[PDB]
Number of protein chains: 2
Amino acid sequence: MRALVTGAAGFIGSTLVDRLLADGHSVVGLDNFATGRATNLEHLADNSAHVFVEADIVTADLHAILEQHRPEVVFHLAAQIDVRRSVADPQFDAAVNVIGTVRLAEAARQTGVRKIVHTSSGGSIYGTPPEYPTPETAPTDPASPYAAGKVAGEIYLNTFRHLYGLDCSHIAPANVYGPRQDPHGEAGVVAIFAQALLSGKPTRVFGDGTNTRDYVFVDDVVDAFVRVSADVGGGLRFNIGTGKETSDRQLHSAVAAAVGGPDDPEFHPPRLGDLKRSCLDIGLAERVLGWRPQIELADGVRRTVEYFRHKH
Amino acid sequence: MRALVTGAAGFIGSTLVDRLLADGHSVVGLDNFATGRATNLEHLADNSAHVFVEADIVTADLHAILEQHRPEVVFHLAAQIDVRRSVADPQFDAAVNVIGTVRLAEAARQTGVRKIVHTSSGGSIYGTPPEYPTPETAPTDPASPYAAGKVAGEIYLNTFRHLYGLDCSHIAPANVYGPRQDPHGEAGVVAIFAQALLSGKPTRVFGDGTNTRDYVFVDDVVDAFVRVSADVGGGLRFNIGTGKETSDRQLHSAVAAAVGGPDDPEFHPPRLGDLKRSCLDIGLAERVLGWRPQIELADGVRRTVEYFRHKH
Ligand SMILES: NC(=O)c1ccc[n+]([C@@H]2O[C@H](COP(=O)([O-])OP(=O)(O)OC[C@H]3O[C@@H](n4cnc5c(N)ncnc54)[C@H](O)[C@@H]3O)[C@@H](O)[C@H]2O)c1
Ligand SMILES: NC(=O)c1ccc[n+]([C@@H]2O[C@H](COP(=O)([O-])OP(=O)(O)OC[C@H]3O[C@@H](n4cnc5c(N)ncnc54)[C@H](O)[C@@H]3O)[C@@H](O)[C@H]2O)c1
Ligand SMILES: O=c1ccn([C@@H]2O[C@H](COP(=O)(O)OP(=O)(O)O[C@H]3O[C@H](CO)[C@@H](O)[C@H](O)[C@H]3O)[C@@H](O)[C@H]2O)c(=O)[nH]1
Ligand SMILES: O=c1ccn([C@@H]2O[C@H](COP(=O)(O)OP(=O)(O)O[C@H]3O[C@H](CO)[C@@H](O)[C@H](O)[C@H]3O)[C@@H](O)[C@H]2O)c(=O)[nH]1
């Protein structure tokens, strides 16, 4: 099939691009390099089944782009991804994450696109949820502008589905980690710990370091995108995670074990917008998509540390 | 108290301004005259308790404005209001209704505003709902971009409530009508019918004319706004309607009776984006706010026709 990936120059996006090409699809990648990296795509230079478009989803002529390339499925990964940034500038986060999504949907509905696969935020959209692990039936309750914009994106796509019959599904990942995640990003703790511990630079947790997340490996997340791209799970959100909680402190220890050396992070003040706990019920993805994560944290961390070590 | 009304030059906005002034408040009205009219406020020219600011919520320095005027309550009525327009240009609708709301919330949380009263759309946010009359407990299921943006607005304000403790409640009206509603557009059917029939100009219904809405008089909606402006019903949405369905055909008959004119509408094609039925369960507003609509359709329609007959 023909696929278009927004945020294609990014961590998850470039990984998804590689997977789709392997699966025999032709791919158009779209990115403005806000946080993505050309090196994530540089190996594709001579592949005729791949075309890259440098474009900003907020302002670009998405209608013209989609009219040219006629993607059957659009995988929408382009976003402002930093929670703290969204607090600093909710307007900008909303422009990229809400307006960008709306413009893409409006383009897609006019150009024969079959389905948009949205990227929500399983890790943040439920806010402080009524239970853990958190199922998709739990109400959204965002507590950061980033989380709100992701919810708004889902709703707008659901709307276009009613309005025009433009199919959509929402991939809602937990905390994604692995190769190609920006070591110099403001977010992505696994990458941050790995890079710093390899370099012997200081590491820090926030609060008492008890804050928990659900750490899911990139290759597993990519598989979920592929599964949901077919005519299945239409109209629905799927939590994509492991259903296992790992504290800031516990993760540090695991990364230290993989790198070697000391396991002694600093403790810094909590950050406004960040939730205390995150753990996803992944039953729906199993039942409906046949999706299950293959990579356990210890293995994923080893893989990620090794990757960083080699590239370092 | 100090109050600021966005959309103050509009139909509901100007009516609310009048009420707030009568209740002894100082009022700042804010509008860009996208759909509002200076004539709706011209009677206030010599009232020292009223100040008007011309500003576009999408781009104006709202922080500066709130820092100057220091409202305790912001009544947020500024919006793109036309469902079909939202279908024709979802980006523009999203810019005004989502981005505008986000910017206002970001301004308000910085200037010591106690509460924002949002205006949602009870009539559209539920889409095709599970039951009629529809309670607030029914899931939102928007089927127009306008409805989606109203839902997104709610969610962002709920987010700012978590983030900063900026209080919010969502007034979610059904179909509001009465004096000052503009008769010259495609929205505001009661006004359209009333002025056209008085003028002997053609009228029309859409589809088979059986579509229903819940018609609630402007003064009733204004009272709900005032009631919810106190520290009451924090974090909640309130359906503001009558809980009675009137079809397009029945409405036309009602307006024709009030005017004393012919009841012979043309029949035009359906409008994409328009729901078939809309009816609100108003129990929650009664319980929490002590609010009930006083004005029955027959009486409200009479008062609406009179507005056009007495108009300067
Ligand atoms: N990494 C995680 O833990 C995680 C978990 C849940 C959700 N997500 C979502 O997954 C998606 C991919 O995130 P990631 O982890 O790969 O981060 P990333 O920053 O590597 O990927 C985001 C990509 O979007 C691009 N982009 C940003 N704004 C753009 C714009 N206006 N126009 C065009 N392109 C733009 C960036 O340049 C980047 O390449 C995002 O939607 C993110 O919100 C990530
Ligand atoms: N009329 C109804 O049936 C009804 C019911 C439910 C919801 N609402 C909501 O009630 C509010 C008022 O609607 P109305 O019926 O009075 O219509 P209206 O068009 O008279 O009022 C909207 C006002 O907002 C102003 N405005 C629009 N965009 C603006 C911007 N970018 N910056 C500043 N001002 C801007 C317009 O100029 C106008 O004065 C809106 O939020 C609308 O969505 C209306
Ligand atoms: O130096 C650091 C950085 C982070 N953390 C902790 O690591 C966790 C994860 O933080 P971060 O890597 O910044 O990710 P999140 O803010 O949780 O959000 C990520 O995971 C979400 C999952 O839904 C995505 O939506 C977001 O885009 C993505 O940035 C938190 O508990 C932080 O306190 C540390 O202890 N030390
Ligand atoms: O010439 C006309 C115009 C409208 N209608 C009918 O009247 C009804 C009401 O339509 P309209 O006045 O355009 O309002 P809505 O599209 O229902 O939306 C209104 O009511 C919502 C209630 O929440 C608000 O959110 C919106 O801002 C407001 O425009 C519909 O069934 C139309 O078919 C006619 O029969 N003839």
# chains A, B, ... in the order shown; residues from 1 in each chain; ligands from 1
$ residues_near_ligand --ligand "ligand 1" --cutoff "7 Å" --atoms "only C-alpha atoms and all ligand atoms" --output "ChimeraX atom specification"
/A:6-13,30-37,55-58,76-81,96,100,119-123,172-177,181-182,188
$ residues_near_ligand --ligand "ligand 4" --cutoff "8 Å" --atoms "only C-alpha atoms and all ligand atoms" --output "short mmCIF file (atom, residue, chain, number, x, y, z; two decimals) with N, CA and C atoms, in the first residue's frame"
data_model
loop_
_atom_site.label_atom_id
_atom_site.label_comp_id
_atom_site.auth_asym_id
_atom_site.auth_seq_id
_atom_site.Cartn_x
_atom_site.Cartn_y
_atom_site.Cartn_z
N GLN B 80 -16.63 31.11 16.91
CA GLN B 80 -17.25 30.81 15.63
C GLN B 80 -18.46 29.93 15.91
N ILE B 81 -19.65 30.36 15.47
CA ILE B 81 -20.89 29.80 15.99
C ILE B 81 -21.63 28.95 14.95
N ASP B 82 -21.20 28.99 13.68
CA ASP B 82 -21.97 28.38 12.60
C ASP B 82 -21.42 26.99 12.26
N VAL B 83 -22.28 25.98 12.41
CA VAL B 83 -21.91 24.58 12.21
C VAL B 83 -21.44 24.35 10.77
N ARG B 84 -22.19 24.89 9.79
CA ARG B 84 -21.83 24.69 8.39
C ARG B 84 -20.50 25.37 8.07
N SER B 120 -20.11 26.01 25.98
CA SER B 120 -20.04 24.82 25.16
C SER B 120 -21.23 24.82 24.21
N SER B 121 -21.57 23.65 23.66
CA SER B 121 -22.77 23.53 22.84
C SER B 121 -23.49 22.25 23.24
N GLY B 122 -24.41 22.37 24.21
CA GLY B 122 -25.20 21.22 24.64
C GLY B 122 -25.94 20.58 23.47
N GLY B 123 -26.34 21.42 22.51
CA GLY B 123 -27.14 21.00 21.37
C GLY B 123 -26.39 20.09 20.38
N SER B 124 -25.05 20.14 20.39
CA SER B 124 -24.30 19.43 19.36
C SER B 124 -23.22 18.48 19.89
N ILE B 125 -22.73 18.70 21.12
CA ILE B 125 -21.55 17.98 21.59
C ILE B 125 -21.81 16.48 21.74
N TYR B 146 -17.38 22.17 14.65
CA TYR B 146 -17.86 23.10 15.67
C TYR B 146 -18.06 22.40 17.01
N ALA B 147 -18.76 21.26 16.99
CA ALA B 147 -19.04 20.51 18.20
C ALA B 147 -17.74 20.01 18.82
N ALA B 172 -23.64 24.77 28.69
CA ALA B 172 -23.81 24.07 27.43
C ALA B 172 -25.24 24.24 26.93
N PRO B 173 -25.56 25.37 26.25
CA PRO B 173 -26.94 25.63 25.84
C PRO B 173 -27.37 24.76 24.67
N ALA B 174 -28.69 24.54 24.58
CA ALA B 174 -29.33 24.02 23.38
C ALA B 174 -29.44 25.16 22.37
N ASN B 175 -30.59 25.31 21.70
CA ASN B 175 -30.71 26.33 20.67
C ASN B 175 -31.28 27.61 21.28
N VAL B 176 -30.44 28.64 21.40
CA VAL B 176 -30.82 29.88 22.05
C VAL B 176 -31.42 30.82 21.00
N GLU B 186 -27.45 32.25 8.28
CA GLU B 186 -27.95 30.91 8.01
C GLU B 186 -28.18 30.17 9.33
N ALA B 187 -27.65 30.73 10.43
CA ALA B 187 -27.89 30.19 11.76
C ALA B 187 -28.79 31.14 12.55
N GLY B 188 -29.52 30.59 13.52
CA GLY B 188 -30.45 31.36 14.32
C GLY B 188 -31.84 31.37 13.69
N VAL B 189 -32.39 30.16 13.52
CA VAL B 189 -33.60 29.91 12.74
C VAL B 189 -34.78 30.78 13.19
N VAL B 190 -34.95 30.98 14.51
CA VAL B 190 -36.08 31.74 15.03
C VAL B 190 -36.02 33.17 14.50
N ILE B 192 -34.29 34.14 11.82
CA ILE B 192 -34.40 34.07 10.37
C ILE B 192 -35.88 34.05 9.98
N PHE B 193 -36.64 33.13 10.59
CA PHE B 193 -38.06 32.98 10.31
C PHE B 193 -38.82 34.26 10.66
N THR B 203 -39.09 31.73 3.19
CA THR B 203 -38.46 30.95 4.25
C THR B 203 -38.27 29.52 3.75
N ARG B 204 -37.46 28.75 4.49
CA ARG B 204 -37.17 27.38 4.10
C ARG B 204 -36.86 26.54 5.33
N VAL B 205 -37.16 25.24 5.21
CA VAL B 205 -36.65 24.22 6.11
C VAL B 205 -35.76 23.28 5.30
N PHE B 206 -35.01 22.41 5.99
CA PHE B 206 -34.04 21.55 5.33
C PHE B 206 -34.48 20.09 5.47
N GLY B 207 -34.11 19.28 4.47
CA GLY B 207 -34.55 17.90 4.41
C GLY B 207 -36.08 17.81 4.35
N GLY B 209 -37.87 18.52 7.01
CA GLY B 209 -38.33 19.45 8.03
C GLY B 209 -38.58 18.80 9.39
N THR B 210 -38.22 17.52 9.55
CA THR B 210 -38.53 16.82 10.79
C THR B 210 -37.41 16.92 11.82
N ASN B 211 -36.27 17.52 11.46
CA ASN B 211 -35.18 17.69 12.41
C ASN B 211 -35.69 18.47 13.62
N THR B 212 -35.19 18.11 14.82
CA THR B 212 -35.64 18.75 16.05
C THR B 212 -34.49 19.44 16.77
N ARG B 213 -34.84 20.51 17.48
CA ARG B 213 -33.92 21.19 18.38
C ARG B 213 -34.69 21.53 19.65
N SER B 247 -39.69 20.43 15.99
CA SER B 247 -39.19 20.17 14.65
C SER B 247 -39.06 21.49 13.88
N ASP B 248 -38.28 21.48 12.80
CA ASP B 248 -38.13 22.66 11.96
C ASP B 248 -39.50 23.12 11.47
N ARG B 249 -40.35 22.15 11.10
CA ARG B 249 -41.68 22.45 10.58
C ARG B 249 -42.56 23.08 11.66
N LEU B 251 -41.58 24.64 14.36
CA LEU B 251 -41.02 25.95 14.68
C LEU B 251 -41.56 26.98 13.69
N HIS B 252 -41.50 26.64 12.40
CA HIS B 252 -41.99 27.55 11.37
C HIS B 252 -43.44 27.91 11.65
N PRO B 270 -30.75 18.76 2.71
CA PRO B 270 -30.13 18.67 4.03
C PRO B 270 -28.79 19.41 4.09
N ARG B 271 -28.38 19.81 5.31
CA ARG B 271 -27.12 20.50 5.52
C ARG B 271 -26.15 19.56 6.23
N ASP B 274 -25.36 18.95 10.32
CA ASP B 274 -26.51 19.17 11.18
C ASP B 274 -27.06 17.84 11.69
N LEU B 275 -27.21 17.73 13.01
CA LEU B 275 -27.82 16.57 13.64
C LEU B 275 -29.32 16.55 13.35
N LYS B 276 -29.91 15.36 13.46
CA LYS B 276 -31.32 15.15 13.16
C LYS B 276 -32.18 15.51 14.38
N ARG B 277 -31.62 15.33 15.58
CA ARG B 277 -32.36 15.53 16.82
C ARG B 277 -31.43 16.11 17.89
#
$ residues_around --residues "residue 283 in chain B" --least-positions-apart "3" --cutoff "8 Å" --atoms "only C-alpha atoms" --output "list in words"
residues 135, 286 and 287 of chain B
$ write_last_selection --atoms "N, CA, C and O atoms" --output "mmCIF file, in the first residue's frame"
data_model
loop_
_atom_site.group_PDB
_atom_site.id
_atom_site.type_symbol
_atom_site.label_atom_id
_atom_site.label_comp_id
_atom_site.auth_asym_id
_atom_site.auth_seq_id
_atom_site.Cartn_x
_atom_site.Cartn_y
_atom_site.Cartn_z
ATOM 1 N N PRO B 135 -28.597 13.555 29.070
ATOM 2 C CA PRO B 135 -27.932 14.060 30.273
ATOM 3 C C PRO B 135 -26.442 14.305 30.043
ATOM 4 O O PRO B 135 -25.879 13.803 29.073
ATOM 5 N N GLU B 286 -30.919 22.230 37.398
ATOM 6 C CA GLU B 286 -31.921 22.448 38.428
ATOM 7 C C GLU B 286 -31.334 22.121 39.798
ATOM 8 O O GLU B 286 -31.461 22.916 40.727
ATOM 9 N N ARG B 287 -30.687 20.954 39.918
ATOM 10 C CA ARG B 287 -30.217 20.491 41.215
ATOM 11 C C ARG B 287 -29.122 21.411 41.752
ATOM 12 O O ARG B 287 -29.217 21.890 42.884
#
$ interface_residues --of "chain B" --to "chain A" --cutoff "10 Å" --atoms "only C-alpha atoms" --output "JSON, numbers by chain"
{"B": [58, 87, 88, 89, 90, 91, 92, 93, 94, 95, 98, 99, 100, 101, 102, 103, 104, 105, 106, 127, 128, 139, 140, 141, 142, 143, 144, 145, 146, 147, 148, 149, 151, 152, 153, 154, 155, 156, 157, 158, 159, 160, 161, 162, 163, 164, 272, 273, 274]}
$ write_last_selection --atoms "N, CA and C atoms" --output "tab-separated table (two decimals), in the first residue's frame"
chain	number	residue	atom	x	y	z
B	58	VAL	N	-7.79	35.26	19.20
B	58	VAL	CA	-6.81	34.36	18.61
B	58	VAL	C	-5.41	34.98	18.69
B	87	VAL	N	-17.75	23.22	9.01
B	87	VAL	CA	-17.55	22.15	8.04
B	87	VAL	C	-16.74	22.70	6.86
B	88	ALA	N	-17.07	23.91	6.41
B	88	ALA	CA	-16.40	24.54	5.27
B	88	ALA	C	-14.94	24.90	5.60
B	89	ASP	N	-14.67	25.28	6.86
B	89	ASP	CA	-13.33	25.69	7.25
B	89	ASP	C	-13.08	25.25	8.70
B	90	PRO	N	-12.78	23.96	8.94
B	90	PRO	CA	-12.57	23.46	10.30
B	90	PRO	C	-11.34	24.06	10.99
B	91	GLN	N	-10.33	24.45	10.20
B	91	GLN	CA	-9.14	25.08	10.76
B	91	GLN	C	-9.50	26.40	11.43
B	92	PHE	N	-10.26	27.25	10.73
B	92	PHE	CA	-10.64	28.55	11.26
B	92	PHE	C	-11.48	28.39	12.53
B	93	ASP	N	-12.47	27.49	12.47
B	93	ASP	CA	-13.32	27.21	13.62
B	93	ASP	C	-12.47	26.76	14.81
B	94	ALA	N	-11.50	25.87	14.55
B	94	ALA	CA	-10.63	25.35	15.60
B	94	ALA	C	-9.73	26.46	16.16
B	95	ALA	N	-9.29	27.37	15.30
B	95	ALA	CA	-8.44	28.47	15.73
B	95	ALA	C	-9.17	29.36	16.73
B	98	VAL	N	-10.82	26.67	19.83
B	98	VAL	CA	-9.88	25.94	20.66
B	98	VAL	C	-8.72	26.86	21.03
B	99	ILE	N	-8.00	27.38	20.02
B	99	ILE	CA	-6.82	28.19	20.29
B	99	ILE	C	-7.22	29.42	21.10
B	100	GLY	N	-8.33	30.06	20.71
B	100	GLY	CA	-8.82	31.24	21.41
B	100	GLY	C	-9.06	30.96	22.90
B	101	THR	N	-9.63	29.79	23.20
B	101	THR	CA	-9.96	29.39	24.56
B	101	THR	C	-8.68	29.11	25.34
B	102	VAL	N	-7.72	28.44	24.70
B	102	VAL	CA	-6.45	28.09	25.32
B	102	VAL	C	-5.70	29.36	25.73
B	103	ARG	N	-5.65	30.34	24.82
B	103	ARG	CA	-4.95	31.60	25.05
B	103	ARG	C	-5.61	32.37	26.19
B	104	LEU	N	-6.95	32.36	26.22
B	104	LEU	CA	-7.70	33.03	27.26
B	104	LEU	C	-7.42	32.38	28.62
B	105	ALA	N	-7.38	31.05	28.65
B	105	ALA	CA	-7.13	30.30	29.88
B	105	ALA	C	-5.72	30.58	30.39
B	106	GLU	N	-4.75	30.62	29.46
B	106	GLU	CA	-3.36	30.88	29.79
B	106	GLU	C	-3.19	32.30	30.34
B	127	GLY	N	-23.54	14.67	19.76
B	127	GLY	CA	-23.78	14.10	18.44
B	127	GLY	C	-25.13	13.41	18.40
B	128	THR	N	-25.17	12.24	17.76
B	128	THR	CA	-26.31	11.34	17.88
B	128	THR	C	-26.15	10.56	19.18
B	139	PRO	N	-21.77	10.29	26.84
B	139	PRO	CA	-20.47	10.65	26.28
B	139	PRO	C	-20.66	11.74	25.24
B	140	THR	N	-19.69	12.65	25.16
B	140	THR	CA	-19.63	13.54	24.01
B	140	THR	C	-19.30	12.69	22.79
B	141	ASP	N	-19.90	13.04	21.65
B	141	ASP	CA	-19.71	12.30	20.41
B	141	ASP	C	-19.91	13.26	19.24
B	142	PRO	N	-19.11	14.35	19.15
B	142	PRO	CA	-19.35	15.40	18.16
B	142	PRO	C	-19.30	14.88	16.73
B	143	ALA	N	-20.17	15.43	15.87
B	143	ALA	CA	-20.24	15.02	14.48
B	143	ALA	C	-20.13	16.23	13.55
B	144	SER	N	-19.74	17.39	14.11
B	144	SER	CA	-19.32	18.54	13.33
B	144	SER	C	-18.05	19.11	13.95
B	145	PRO	N	-17.16	19.78	13.17
B	145	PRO	CA	-15.96	20.40	13.73
B	145	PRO	C	-16.28	21.43	14.82
B	146	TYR	N	-17.38	22.17	14.65
B	146	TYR	CA	-17.86	23.10	15.67
B	146	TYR	C	-18.06	22.40	17.01
B	147	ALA	N	-18.76	21.26	16.99
B	147	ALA	CA	-19.04	20.51	18.20
B	147	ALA	C	-17.74	20.01	18.82
B	148	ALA	N	-16.83	19.54	17.97
B	148	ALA	CA	-15.54	19.02	18.42
B	148	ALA	C	-14.75	20.11	19.13
B	149	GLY	N	-14.75	21.33	18.58
B	149	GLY	CA	-14.00	22.43	19.16
B	149	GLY	C	-14.56	22.87	20.51
B	151	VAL	N	-16.10	20.77	22.63
B	151	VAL	CA	-15.64	19.72	23.53
B	151	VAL	C	-14.18	19.97	23.90
B	152	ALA	N	-13.35	20.29	22.90
B	152	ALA	CA	-11.93	20.50	23.14
B	152	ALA	C	-11.72	21.67	24.11
B	153	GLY	N	-12.53	22.72	23.95
B	153	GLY	CA	-12.50	23.87	24.83
B	153	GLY	C	-12.74	23.48	26.29
B	154	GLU	N	-13.78	22.67	26.52
B	154	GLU	CA	-14.10	22.16	27.85
B	154	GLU	C	-12.87	21.46	28.44
B	155	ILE	N	-12.29	20.55	27.65
B	155	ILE	CA	-11.20	19.70	28.11
B	155	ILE	C	-9.99	20.55	28.50
B	156	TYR	N	-9.67	21.56	27.69
B	156	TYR	CA	-8.53	22.42	28.00
B	156	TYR	C	-8.76	23.18	29.31
B	157	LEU	N	-9.99	23.67	29.52
B	157	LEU	CA	-10.27	24.39	30.75
B	157	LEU	C	-10.20	23.45	31.95
B	158	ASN	N	-10.74	22.23	31.80
B	158	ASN	CA	-10.60	21.21	32.83
B	158	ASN	C	-9.12	20.97	33.13
B	159	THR	N	-8.27	21.07	32.10
B	159	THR	CA	-6.84	20.86	32.24
B	159	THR	C	-6.21	21.97	33.08
B	160	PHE	N	-6.55	23.23	32.75
B	160	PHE	CA	-6.06	24.38	33.49
B	160	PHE	C	-6.56	24.36	34.93
B	161	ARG	N	-7.71	23.72	35.16
B	161	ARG	CA	-8.25	23.57	36.51
B	161	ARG	C	-7.33	22.66	37.33
B	162	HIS	N	-6.91	21.53	36.74
B	162	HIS	CA	-5.96	20.63	37.38
B	162	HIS	C	-4.62	21.33	37.61
B	163	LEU	N	-4.12	22.00	36.56
B	163	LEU	CA	-2.78	22.57	36.51
B	163	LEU	C	-2.61	23.70	37.53
B	164	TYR	N	-3.56	24.64	37.55
B	164	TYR	CA	-3.37	25.92	38.23
B	164	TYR	C	-4.45	26.19	39.26
B	272	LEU	N	-24.99	19.33	5.60
B	272	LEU	CA	-24.00	18.41	6.14
B	272	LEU	C	-23.45	19.01	7.43
B	273	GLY	N	-23.45	18.20	8.50
B	273	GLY	CA	-22.98	18.65	9.80
B	273	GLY	C	-24.12	18.79	10.81
B	274	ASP	N	-25.36	18.95	10.32
B	274	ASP	CA	-26.51	19.17	11.18
B	274	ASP	C	-27.06	17.84	11.69
$ select_by_dssp --residues "range 117-294 of chain B" --states "alpha helix (DSSP H)" --output "compact mmCIF listing (two decimals) with C-alpha atoms, in the first residue's frame"
# COMPACT_ATOMS: atom_id res chain seq x y z
CA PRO B 145 -15.96 20.40 13.73
CA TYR B 146 -17.86 23.10 15.67
CA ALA B 147 -19.04 20.51 18.20
CA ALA B 148 -15.54 19.02 18.42
CA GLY B 149 -14.00 22.43 19.16
CA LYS B 150 -16.54 23.07 21.93
CA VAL B 151 -15.64 19.72 23.53
CA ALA B 152 -11.93 20.50 23.14
CA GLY B 153 -12.50 23.87 24.83
CA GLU B 154 -14.10 22.16 27.85
CA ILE B 155 -11.20 19.70 28.11
CA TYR B 156 -8.53 22.42 28.00
CA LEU B 157 -10.27 24.39 30.75
CA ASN B 158 -10.60 21.21 32.83
CA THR B 159 -6.84 20.86 32.24
CA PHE B 160 -6.06 24.38 33.49
CA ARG B 161 -8.25 23.57 36.51
CA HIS B 162 -5.96 20.63 37.38
CA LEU B 163 -2.78 22.57 36.51
CA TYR B 164 -3.37 25.92 38.23
CA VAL B 189 -33.60 29.91 12.74
CA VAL B 190 -36.08 31.74 15.03
CA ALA B 191 -34.60 35.12 14.04
CA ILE B 192 -34.40 34.07 10.37
CA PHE B 193 -38.06 32.98 10.31
CA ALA B 194 -39.32 35.97 12.33
CA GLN B 195 -37.74 38.70 10.21
CA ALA B 196 -38.38 36.97 6.87
CA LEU B 197 -42.08 36.42 7.65
CA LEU B 198 -42.46 40.04 8.85
CA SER B 199 -40.78 41.20 5.62
CA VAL B 218 -31.89 34.02 25.85
CA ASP B 219 -32.90 35.46 29.26
CA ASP B 220 -33.03 31.91 30.68
CA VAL B 221 -29.52 31.16 29.36
CA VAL B 222 -28.23 34.43 30.83
CA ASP B 223 -29.64 33.48 34.25
CA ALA B 224 -27.76 30.17 34.11
CA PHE B 225 -24.51 32.05 33.38
CA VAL B 226 -25.04 34.29 36.42
CA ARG B 227 -25.92 31.36 38.70
CA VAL B 228 -22.82 29.36 37.74
CA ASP B 248 -38.13 22.66 11.96
CA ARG B 249 -41.68 22.45 10.58
CA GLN B 250 -43.32 22.98 13.99
CA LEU B 251 -41.02 25.95 14.68
CA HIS B 252 -41.99 27.55 11.37
CA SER B 253 -45.67 27.12 12.30
CA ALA B 254 -45.03 28.70 15.72
CA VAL B 255 -43.25 31.73 14.22
CA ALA B 256 -45.90 32.11 11.51
CA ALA B 257 -48.61 32.12 14.21
CA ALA B 258 -46.77 34.77 16.27
CA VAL B 259 -46.18 37.00 13.23
CA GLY B 283 -32.00 18.02 35.77
CA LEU B 284 -28.41 18.78 36.80
CA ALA B 285 -28.77 22.56 36.29
CA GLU B 286 -31.92 22.45 38.43
CA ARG B 287 -30.22 20.49 41.22
CA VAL B 288 -26.89 22.33 41.42
CA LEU B 289 -27.79 25.84 40.27
$ select_by_dssp --residues "range 80-236 of chain A" --states "strand (DSSP E)" --output "PyMOL selection string"
chain A and resi 115-119+167-173+175-177+204-206+212-213+215-217
$ residues_around --residues "residue 29 in chain B" --least-positions-apart "5" --cutoff "6 Å" --atoms "only C-alpha atoms" --output "ChimeraX atom specification"
/B:4-5,8,52
